[PDB]
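This report concerns only the one structure given below.
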Amino acid sequence: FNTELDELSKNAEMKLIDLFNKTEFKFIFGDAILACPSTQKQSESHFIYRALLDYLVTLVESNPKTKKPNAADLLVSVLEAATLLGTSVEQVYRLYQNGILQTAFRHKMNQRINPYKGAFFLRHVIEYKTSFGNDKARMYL
DNA sequence: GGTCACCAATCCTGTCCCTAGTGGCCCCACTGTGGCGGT
């Protein structure tokens, strides 16, 4: 699964019709987040889900925050955001309601967010998830 | 990234005229398109 996801990162710049900060995640990686088995049960994460996210944590690690956009500025939708947090979709809308998670362009007053349109950056959606500590994080070892 | 602030207001007092008048002349198309009983 790592080597399958490694070629998509190396050949990310090849596929670009627009800039990284304007392109969606499913345009480069393709369905690999919303196909993943859900963690609605117990808050017990799937071994497929543990392996996917732990690759994305080292992606933003290798792609620091510079003035040129890179692979860590790909746009993520509210459903793909809901899976990466492992919570309900209303709970992730409520974080948007109290401006905890910051969209990536301003909707103009009658814009209610399309649930499939890529709203948030991959970047700080991960950093929000690393603000919550669970036992098998890479920080301790 | 996107919109074009709310809260109330439209003035009262007086009047539109008087005089005189709307022309003469000539003309308004020829063709066709009838049924029925009788001497």
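Proteins come first, then strands; the chains are lettered A, B, ... in the order of their sequence lines, and each starts at number 1. No hydrogens, no waters, no symmetry mates; every other heavy atom, side chains included, goes into these values.
Listed by chain and residue number, A:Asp54, A:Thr58 satisfy the side chain to side chain contact (heavy atoms under 4.5 Å, CB included) test with A:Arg138 (two or more places apart in sequence, or in another chain). Annotation: ring pair (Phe, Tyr, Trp, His ring centres under 6.0 Å) contacts of A:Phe25 (sequence neighbours excluded): A:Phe29. With sequence neighbours excluded, no residue forms a side chain to side chain contact (heavy atoms under 4.5 Å, CB included) with A:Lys136.
Side-chain contact check for A:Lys26 versus A:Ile33: every heavy-atom pair is 4.5 Å or farther apart.
Residue pairs meeting the side-chain hydrogen bond (donor to acceptor under 3.5 Å, both in side chains) criterion with at least one member in residues 34-52 of chain A, sequence neighbours excluded, are A:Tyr49-A:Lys129. Counting only residues at least two apart or in different chains, side-chain hydrogen bond (donor to acceptor under 3.5 Å, both in side chains) contacts with residues 119-128 of chain A comprise A:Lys65-A:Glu127, A:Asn70-A:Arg123, A:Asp73-A:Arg123.
The furanose ring of B:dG35 falls on the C2'-endo (south) side of the pseudorotation cycle, as its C1'-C2'-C3'-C4' torsion is below zero. The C1'-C2'-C3'-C4' torsion of B:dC36 is negative, so its sugar falls on the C2'-endo, or south, side. Judged by the sign of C1'-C2'-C3'-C4', the sugar at B:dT15 is north, the angle being positive. The furanose ring of B:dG34 falls on the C2'-endo (south) side of the pseudorotation cycle, as its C1'-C2'-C3'-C4' torsion is below zero. Because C1'-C2'-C3'-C4' is negative for B:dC12, its sugar is assigned to the south class.
Adjacent in the strand, B:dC16 and B:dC17 do not form a stacked pair, their six-membered rings missing the 5.5 Å centre or the 30 degree orientation threshold.
In this structure, CE of A:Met109 is placed 13 Å from P of B:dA5, rounded to the nearest angstrom.
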Q: Dot-bracket notation for DNA chain B is requested: 5' to 3', Watson-Crick or G-U wobble pairs only, both distances under 3.5 Å, with ( ), [ ], | and . as defined.
A: .......................................
